[PDB]
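Below, chains carry the letters A, B, ... as their sequence lines are ordered, and counting in each starts from 1.
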Amino acid sequence: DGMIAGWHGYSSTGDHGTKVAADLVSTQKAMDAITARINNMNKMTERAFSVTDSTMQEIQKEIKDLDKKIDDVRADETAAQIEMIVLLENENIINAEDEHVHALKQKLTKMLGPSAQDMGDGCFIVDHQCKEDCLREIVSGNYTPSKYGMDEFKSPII
Amino acid sequence: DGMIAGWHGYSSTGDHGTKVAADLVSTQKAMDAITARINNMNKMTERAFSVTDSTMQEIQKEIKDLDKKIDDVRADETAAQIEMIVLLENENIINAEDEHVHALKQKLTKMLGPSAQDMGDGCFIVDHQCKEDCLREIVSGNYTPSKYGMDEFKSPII
Amino acid sequence: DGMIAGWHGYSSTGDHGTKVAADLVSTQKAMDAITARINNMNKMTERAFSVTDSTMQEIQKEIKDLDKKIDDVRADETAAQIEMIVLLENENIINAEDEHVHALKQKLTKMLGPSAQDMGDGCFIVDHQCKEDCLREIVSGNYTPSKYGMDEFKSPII
Amino acid sequence: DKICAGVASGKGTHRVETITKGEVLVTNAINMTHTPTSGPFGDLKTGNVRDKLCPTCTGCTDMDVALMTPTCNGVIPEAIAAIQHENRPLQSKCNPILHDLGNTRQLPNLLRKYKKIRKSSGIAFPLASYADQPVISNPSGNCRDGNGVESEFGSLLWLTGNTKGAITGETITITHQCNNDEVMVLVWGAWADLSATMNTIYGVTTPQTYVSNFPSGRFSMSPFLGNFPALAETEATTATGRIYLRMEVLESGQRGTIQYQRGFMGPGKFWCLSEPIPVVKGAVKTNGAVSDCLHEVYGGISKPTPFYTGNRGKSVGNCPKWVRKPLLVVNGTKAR
Amino acid sequence: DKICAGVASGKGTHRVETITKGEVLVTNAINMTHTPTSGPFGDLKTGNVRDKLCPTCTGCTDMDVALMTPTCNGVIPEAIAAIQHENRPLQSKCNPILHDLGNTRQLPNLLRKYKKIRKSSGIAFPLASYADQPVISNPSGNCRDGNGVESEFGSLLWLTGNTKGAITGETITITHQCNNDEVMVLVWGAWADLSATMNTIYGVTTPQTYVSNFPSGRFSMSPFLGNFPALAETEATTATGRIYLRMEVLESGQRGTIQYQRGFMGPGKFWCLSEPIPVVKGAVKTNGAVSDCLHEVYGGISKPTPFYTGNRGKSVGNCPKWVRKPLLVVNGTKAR
Amino acid sequence: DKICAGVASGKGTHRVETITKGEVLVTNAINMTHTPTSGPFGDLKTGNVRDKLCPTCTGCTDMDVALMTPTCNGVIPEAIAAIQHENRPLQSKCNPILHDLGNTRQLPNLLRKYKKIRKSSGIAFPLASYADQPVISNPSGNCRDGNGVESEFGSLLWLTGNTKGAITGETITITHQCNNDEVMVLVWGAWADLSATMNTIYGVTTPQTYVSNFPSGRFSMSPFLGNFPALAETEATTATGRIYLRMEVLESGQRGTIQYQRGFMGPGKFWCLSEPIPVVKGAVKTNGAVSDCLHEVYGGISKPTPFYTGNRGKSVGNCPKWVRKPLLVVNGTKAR
Ligand SMILES: *[C@@H]1O[C@H](CO)[C@@H](O[C@@H]2O[C@H](CO)[C@@H](O)[C@H](O)[C@H]2NC(C)=O)[C@H](O)[C@H]1NC(C)=O
Ligand SMILES: *[C@@H]1O[C@H](CO)[C@@H](O[C@@H]2O[C@H](CO)[C@@H](O)[C@H](O)[C@H]2NC(C)=O)[C@H](O)[C@H]1NC(C)=O
Ligand SMILES: *[C@@H]1O[C@H](CO)[C@@H](O[C@@H]2O[C@H](CO)[C@@H](O)[C@H](O)[C@H]2NC(C)=O)[C@H](O)[C@H]1NC(C)=O
Ligand SMILES: *[C@@H]1O[C@H](CO)[C@@H](O[C@@H]2O[C@H](CO)[C@@H](O)[C@H](O)[C@H]2NC(C)=O)[C@H](O)[C@H]1NC(C)=O
Ligand SMILES: *[C@@H]1O[C@H](CO)[C@@H](O[C@@H]2O[C@H](CO)[C@@H](O)[C@H](O)[C@H]2NC(C)=O)[C@H](O)[C@H]1NC(C)=O
Ligand SMILES: *[C@@H]1O[C@H](CO)[C@@H](O[C@@H]2O[C@H](CO)[C@@H](O)[C@H](O)[C@H]2NC(C)=O)[C@H](O)[C@H]1NC(C)=O
C-alpha cells in the first residue's frame, strides 16, 4: 500500500488488478515526527551549563584521578542514556506506523459510507469499480459515495 | 463535545440543534492521570539518600573545585532530565486525550445497538430524535436502544 | 477469556453455556515482550566502561570524602533511575494487555464475516452454535463463515 | 440524530513544549517553576539548624567553644543542618593563638558539619606516658575560669617536665579513641616566646622543631622566637609569647605520630564527631524564622512547586531543584 | 472493489535495535554515530582559543609572560578555550629560577585556564609596610628592559633594607586585592647564593627559613647556599645564585601569611583571573584552522552527527558525545 | 452465539506500582530485588583477585615484597581485582623503617591497585651520576639473603662516598623511566642514627636536611638523631638507627627533584604499574571460594536478580545494583 511516492498510501485490488496511490500528508507527518524525535536526541550533547574552575594537570595524582573519575562517570552514564533513548525512540517510531495506518483506516471508514464492509485489516469492500480516480479522491479527501451509486450516511434530521 | 461541566462528554446534533452533556468520570480519570504524572515528577527532587562527610570551604582550591564540580555536574544532569520528563509527560497527556475519546466511542458503539451507523469519527447516526434525556442516559450508561424503537443486539441464544 | 492454557484467548457463551479456548501465540508474544523489557533493565548494572586509577584509602580525608561522594551520587542516581524504569515498564506491560486484546478483536472482526454484530467490547454475535470446534478454528485462524451458513465478505471482483 | 463522543474546545491559554508535536496550545497548564524570593535564615521545620555551636553560652565565640575555653564549656545541641556564618572564626578568650599561621582557623567550621559534637572525657595522650616522667599541665594566667582562677585550655595542655635544656626530640603515637562511627579531632601545638623567656621556661634560646604525620600528610614547623604579630584574639592584655596550633583528624583504625622538641603543647582533650549534616554559607538565624529550605543565595524559602528558575546554589531541606527554563504541564484539553 | 489502507513494502537496508521487537529490519535508517578524523588544532568558530598567552609579543615564552618579565609585558587576548601545549613551560629571560624545586612550573598553565587574565597595578604588599623601613627593589642586571637598562621582574621584588645580619624573622599578611569574582595569583620567593655572596648582600652565611600559610596549606623552605644546578632558563651567562619561588592563590575573603628571614623576595604585582574556560592538551594552533570542536585525541573536528564512536577524551566546543557502539534511527517503514 | 476476545482472570498475588494506575493488582510478578547473603571472599569467575601480592613466596609480608626485600623477590600474578586485607601493612624483614613517620605505610596498598606490577631492572638514578663520584651501596647486615649473606633492599641503596663531613647539599633529578602507560613508583629515604654513629659513618653529628619536589608537592624532613621508637618490624635484634622513607610517584612526562645532605639513601630500583584494577576492603580469600561479585559488606555474592536491597558498599565484578525498595515487574494479566 503506497510508495507511488511516499511511505503511506492506499490501494485498490480487483477486476483491474492492483492500483496504488499515496497520501503524502500522513507520510510527511511521519517524517516530521521522526525528525522531531531526532531533534530531541541532539540536546543530550548540550547538557553542560555551568563552567567551574578546571583542575589543572601536573598536580597531586589523587586530585588528577578524582577529576578524571568525574569525567569518566559522566561520560559512561551519558553513553548509556543515549543508547537507551535510541532504543526507545526506535520502538516509538515503529509503533507510530500502526498509529498512522489506524488513522488512514478511520479516514476510509468515514469516506466510504455505511455500506462498505470493514474487513478488520484496514480494507473495505465497495460494490463499484475503483480505478485510480477513486484513489485520487480518497487521498485528496473528496471521495463521495453517491458519485458511484453507493449509500451515504443517514442525515441527522428526522 | 462536553464542558457542560467537565472536559469530556457527548453531544447530539440534529433537528433540535446541538445538545451537550458531559462525562465527569472519564474527565476525573484524565485529571487523576495528570495528577499522578505530576506526582511522579515531584520525586526527582528527592534523589539524595546518602549523607557523606561534606567538604568544607577555606581549604585547598583544587579540592574545593572538585566538590563544586561534582555539585555542578549533578545539578546540570538533573535539570536536563527534568526538561525531558516534562516534554515526555506533555506528549503522553495529549495522547491520553485520544485514548479517552476512543473509550467513549466504544461505549457508544455498545450502547447504541447494531443499527447505529459508525461514521469513523466517533459519531453515530440513530433513527430517532436524541434530545437531552438521551445524552443523560448515555452518560449514565443506562441507554437501551429498545426505549427509542431501535434494534438491540441479538442474544447469544439460538 | 482464556487460561485453558495461556493468558490470552477466546470464549463462546450461549445455549451450551460458556466454552473457552486460548491463543498461545499472542500469549507467547506478550511473555516475550515482558522478557525483553526485563532484559533491557538488566543493562543498567553494566554501565561501568572506563577504569580509572582508584583512590586509595588511608589518605587525606577530604580526598577520601570526594571519592566517596562520587560513588554515593552515582549510586543514588542509579537507584532513582531503576525505580522509575520499573514504574514505567509496569505501566507499559499493563497497556500491552489492551493492545493484545485489540489485536484479537480485529482477528475476530475479519474471521467472523460481515454479518457478525460488533458489540464494541470485543464480542461478536453470530447466528450459529459455536461449541469448542468453532473456538479451535478461531484460535488456529481457519474459521470460515460458510462452514456455519454465515455470509463472508463480498469479493473485490465486480 | 447524530450522537458524537469527543472533547470540548475552549480558548487556549498556555503553550506546552512536546517531543514531536511542537508547542501545543492548551486551555490550561500547571507552572512547575517559580522564582524564589529571599527570606531570613532560620530552622527547616524538620529540625534544628545549628547556627552558633553553643547558643546558650553567652560571651563566647565558636572558636572559644571549639578550643574548650574554661568558661565556654557548655552544651552543643544536635542539628540536622548548619550555617557557616563566619569565614574566619575568631577567638576572644585565653592565650593568643596564631590561627592564620596554621590550619586551626577553620576548626569551628569542621565541628559544625556533624550532627553530634561530643567532648570526649580524658586526655588523648595521658600525662603519665610522656618521656620526661613528672609532666604537669601549667595554668596559663590568661585563661581565667569563672571565679578568676587561673586555668588552661580543655583541649590543649601547656606541658613542662623535670628538666630544662635542648633535647634530641621525643616521639608520641596517638591512636583513635572514639567510637567506630566517630571521627576524632585533636588540637596540639607549640609555645613560642622571646628567647629569654624560652630559656627561662624550657632552657632553650633557638627555634625548636615540631613534626607530625597523620593521614592528612606530614606537617613540620619551627616557630620563630620573638617579633610576634600584634596581640589580638585574646583576653590577655600582655602575652609576650604566642601559641602555634595544628589540627589533626583521625578516623577509626587510624594512627598519627607527633615528634616534638621543647615547647610542645600537647593534646588535652578531643572532639568525637558522629553523623555528617549539610552545611550552607549564610547569615545567622533570625529568631523565630522557619522555612522549608535554606538556599545559599535566597535565605529560607518555600517550595510552592518542585522546580525553580533563579540563581543556582547549594540548598538544604525540602528544596526545589534548579531548572534552566519555565516548565508547563498540560492540565486541560488541546486548544481548538 | 477492495480499498485498503496501510504502508508500502520495500527491501530492507538497515537493522535497528529496539526495546521489545529485537533487531527490526527497516528500509532506511539514519546513522547517529561517526568515526572522528584527526585535524589540526585551531579556533572554534564561536571565539578565540588562547594557545600562546601573549601571541603578539615575540621572543618571549608563556613562562616569561606569567612572570611579568620586563620585555614580555604585552596584551593577553581573551579566549573561550585554551590549549596546554607545554607540560613544563620554560623561562628564557631574567634571573634563573628553580622552577622544578617548587610549584611555579605550572603558573602559565593556571593563567590560561581563565577567560580574562588581568595584570593588577600595584604591589600586593607595599614597600612602605615592611619592617626594615627603607626597603627598595633592586635592579637585577640579568633582566634588561628594551634599551639594555637593568630592571626587575614585574611580579617579584628583590628586596633589601637598611641593615645586614641574621634576624629573628618578619611576618607579613597578604589579603585578596582583586574583584569579588576574581582569583588572585601571587608570586614570592627567596634569593639563594654562595655563602660569601649571601654574607655580602644580606649579612648571613647559612640557609634562611621561609614559611607561608595560604588556603592551599603550609609551605616551608630553607634554600641551600651553593652547589646550584647548572645554569638554564635565563638570559644570564653567569648568575652565581638562584631564585626559589612559591606560587600562592587567594579567592575573595581569603588571607595568607608569609614568615620570612633574610633573602626574601617579595610580591611585586599580581594576576587577577576572572571567568574559567575549558582547557585541553594538544599542539599549538594551525594558522587559519577553524573547527567546531577541539578534542584531545583528534585535533579540530566537525560534528556531522551528534554522537561519535572512537577514542574517548576531553573536548571543548560544539562536540559530539562518545558512545560505545553504532546507533541507527528508523527513517522509513518496517521491512517486509 | 457470542464470541468474545479478551484476557482471563485469576486471583491476584502481587501489587505493582505504576506511573498513573496506582498499585495494580496482578496475578503474577517477578521480584527484581534480593537481600544479599554474606559469603567468603574469593575469586570472581572471570579472573584472579590479587589478595596477597606474592602468594607463592612464603615467610614474607606485602610490605617486604613492595620494598624488594632480598628474600621476597618473587613473582606477582596479574589480577582483575584486589582485596585490601591490611590497613597498616607491616614489614618483617630487613632494617627497621619508620613507616608511620612518612607516607610509605600504604605502599603495598598502591601496588595492588594495578593489574600488572613489574619490577624495573636498573637503578632509577645511577650510582655513577652522584656528585661524590665513587659511590657504593653498602650491605646492611640486617638484610640477609638466602644463604646468610649480608645484602640490601632492592629498592633502596644505602649510599656512601669518598668523603665525610657536613656538605652544602646535593641535588638530583629523577625522570620517568617506565612505558608511556605505566606509572613509576620510587622509594627513597634517609638513615638516622645516634650522633656518634652518624659521625662515624658520615662525619656529621646534627640532623641533616632532606627535600623532595614531585607532582604530589614538596616534602621536607630533618630526622632526629637518637631517641628512636622501640625496635619493631625488622629481622634485626639490635639496630641502633632507623630508616626514614618517602614514596614518590611519577607519570609519563613528569620529573622530580631530591635535594639531600649526608645520610641520604637513594632509589635502587622501582615499580612500573600498568592497567588499574578495582580494589575493595575485606578479608583474605578463602581457598577454593568463587563468587560472581565481591562486596565490602557481604563477601562473595551471587546475582540472582539485577538489583539488591541491603547495605550499600563498593563492589567488584558482575554485581547487582543497590536500590532502596523491593521492585516487582508484571508477568501476568490484571487481577479481577
Ligand atoms: C528520511 O528520509 C527522507 C527521504 O525519503 C528524507 O527526506 C529527504 O531529505 C532530503 C534532504 O536531505 C530532501 O532533499 C528530500 O526532498 C527529502 N525527501 C522527501 C520525500 O521529503 C528525510 O530527511 C530523512 N529523515 C531525516 C531525519 O533526515
Ligand atoms: C487541573 O485543573 C483542574 C480545574 O479544572 C483542577 O481541579 C480543581 O482543583 C481545585 C483545587 O485546587 C478544586 O477546588 C476544584 O474543585 C477542582 N475542579 C474539578 C472540576 O475537579 C486540578 O486540580 C488541576 N490539576 C492539578 C494537578 O492541580
Ligand atoms: C512469567 O511466567 C511464566 C509462567 O506463566 C514463565 O514461563 C515459564 O518459565 C519456566 C522457566 O522458569 C518454564 O519452564 C515454563 O514452561 C514457562 N511457562 C510457559 C507457559 O511458557 C515466564 O518465564 C515468566 N517470565 C519471566 C520473565 O520469567
Ligand atoms: C511560569 O513561572 C515562571 C517562573 O516564575 C515564569 O517566568 C518568570 O516570569 C517573571 C514575570 O512574572 C519574570 O520576571 C521571570 O524572569 C521569569 N523567569 C524566567 C526563567 O523566564 C513564567 O512566566 C510562568 N509562566 C506562566 C504561564 O505562568
Ligand atoms: C554507522 O557509523 C559507524 C561509525 O562510523 C560505522 O561503524 C564503523 O564503520 C567503519 C567502516 O566504515 C569501521 O572501520 C569502524 O570500526 C566502525 N565503528 C564501529 C564502532 O564499529 C557503521 O558501520 C555505520 N553503519 C551504517 C549502516 O552506516
Ligand atoms: C521481593 O524481594 C525483597 C527483597 O528480598 C523482599 O523484601 C525483603 O523480605 C524479607 C522477608 O523475606 C525481609 O526480611 C526484608 O527486610 C525485605 N527487604 C526489604 C527491603 O523490605 C520482598 O518481600 C519480596 N517480595 C515478594 C513479593 O517476593
Side-chain angles (χ1 to χ4, degrees), chain A residues 1-3 6-9 22-23 26-41 82-106 121-122, chain B residues 87-88 91-92 94-95 98-99, chain C residues 25-26 28-41 43 85 88-89 91-103 106, chain D residues 18-21, chain E residues 4-33 325-336:
Chain A
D1 290 303
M3 292 177 72
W7 303 347
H8 294 267
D23 183 64
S26 71
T27 300
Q28 188 66 45
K29 184 185 193 301
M31 291 145 128
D32 289 346
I34 293 167
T35 299
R37 288 180 184 282
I38 291 168
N39 287 342
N40 221 56
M41 282 183 355
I82 292 164
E83 293 168 6
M84 290 155 17
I85 262 54
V86 170
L87 294 176
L88 183 59
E89 291 325 310
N90 285 336
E91 186 177 57
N92 286 333
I93 292 166
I94 293 165
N95 285 340
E97 301 330 309
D98 293 302
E99 291 176 25
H100 291 302
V101 173
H102 182 74
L104 294 174
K105 178 179 182 288
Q106 297 306 112
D121 43 17
Chain B
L87 294 176
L88 183 59
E91 186 178 17
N92 286 333
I94 294 165
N95 285 340
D98 293 302
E99 289 167 29
Chain C
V25 175
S26 65
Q28 188 66 45
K29 183 178 179 180
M31 271 157 174
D32 288 346
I34 293 167
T35 299
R37 288 180 184 282
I38 291 168
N39 287 342
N40 215 66
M41 282 184 348
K43 292 177 261 281
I85 199 167
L88 183 59
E89 291 297 310
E91 186 177 57
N92 286 333
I93 292 166
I94 294 165
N95 285 340
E97 186 205 299
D98 293 302
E99 285 150 47
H100 291 302
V101 173
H102 182 74
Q106 297 306 112
Chain D
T18 62
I19 300 296
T20 62
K21 298 176 186 292
Chain E
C4 297
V7 298
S9 66
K11 183 190 183 69
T13 61
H14 296 105
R15 295 265 298 174
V16 297
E17 283 172 9
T18 64
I19 300 296
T20 62
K21 298 176 186 292
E23 293 197 272
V24 178
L25 182 68
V26 298
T27 63
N28 199 4
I30 304 153
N31 201 330
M32 295 293 287
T33 54
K325 65 179 186 176
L327 303 172
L328 302 180
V329 155
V330 175
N331 189 57
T333 61
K334 62 180 68 180
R336 183 66 171 172

task = Identify, with sequence neighbours excluded, every residue that meets side-chain contact (heavy atoms from CB on, under 4.5 Å) alongside A/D98.
result = E/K334
task = To the nearest 0.5 Å, tell me how far E/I30 CD1 sits from E/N331 CG.
result = 3.5 Å
Under 3.5 Å: donor-acceptor pair, side chain of E/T13, backbone of E/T27 = yes
ask   = CE of A/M3: more than 12 outside heavy atoms within 6.0 angstrom?
value = no
request  = Please examine the side chains of A/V101 and A/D1, heavy atoms only from C-beta on, and report whether any two atoms are closer than 4.5 Å.
outcome  = no
message = Could you go through E/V24 and E/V330, starting from their C-alpha distance and side-chain angles, then the distance that decides it, and tell me whether this counts as side-chain contact (heavy atoms from CB on, under 4.5 Å)?
response = CA-CA 9 Å; E/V24 178; E/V330 175; over 6 Å; no
ask   = What residues, two or more places apart in sequence or in another chain, satisfy ring pair (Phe, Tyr, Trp, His ring centres under 6.0 Å) together with A/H100?
value = A/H8
task = For D/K21, look at atom NZ and say whether over 12 heavy atoms of other residues, nucleotides or ligands are found less than 6.0 Å away.
result = yes
note = For A/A22 and A/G6 the tightest heavy-atom approach is CB-O, 4.2 Å
note = To the nearest 0.5 Å, atom NE2 of A/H102 lies from atom NE2 of C/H102 at 6.0 Å
request  = Apply side-chain contact (heavy atoms from CB on, under 4.5 Å) to the pair E/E23 and E/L328, showing each step before the final yes or no.
outcome  = CA-CA 11 Å; E/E23 293 197 272; E/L328 302 180; over 6 Å; no
key: For A/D32, all residues meeting side chain to side chain donor-acceptor pair (under 3.5 Å), sequence neighbours excluded   = A/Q28
message = More than 12 heavy atoms of other residues, nucleotides or ligands under 6.0 Å from CZ of E/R15: yes or no?
response = yes
query = To the nearest 0.5 Å, how far apart are CG in C/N95 and CD in B/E99?
reply = 6.5 Å
task = For the residue pair A/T27 and A/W7, establish whether any side-chain heavy-atom pair is separated by less than 4.5 Å.
result = yes
query = Side chains of A/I38 and E/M32: closer than 4.5 Å at any heavy-atom pair?
reply = yes
message = With side chain to side chain donor-acceptor pair (under 3.5 Å) as the rule and sequence neighbours excluded, what pairs involving residues 82-93 of chain A come up?
response = A/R37-A/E89, A/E83-E/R324, A/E91-E/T20
ask   = For E/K325, what residues pass the side chain to side chain donor-acceptor pair (under 3.5 Å) criterion, not counting sequence neighbours?
value = E/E17
request  = Take E/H14 and E/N28, measure what side-chain contact (heavy atoms from CB on, under 4.5 Å) needs, and give me the verdict at the end.
outcome  = CA-CA 6 Å; E/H14 296 105; E/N28 199 4; 3.9 Å; yes
ask   = Can you list the residues that meet the side chain to side chain donor-acceptor pair (under 3.5 Å) rule with E/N31, with sequence neighbours excluded?
value = E/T33
Atom of E/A5, atom of A/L104 and distance for their closest heavy-atom approach = CB-CB, 3.6 Å
task = Measure the spacing between CG of A/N40 and CG of B/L88 and express it to the nearest 0.5 Å.
result = 9.0 Å
message = If you compare all heavy atoms of A/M84 against all heavy atoms of E/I19, which two are closest, and at what distance to 0.1 Å?
response = O-CD1, 4.5 Å
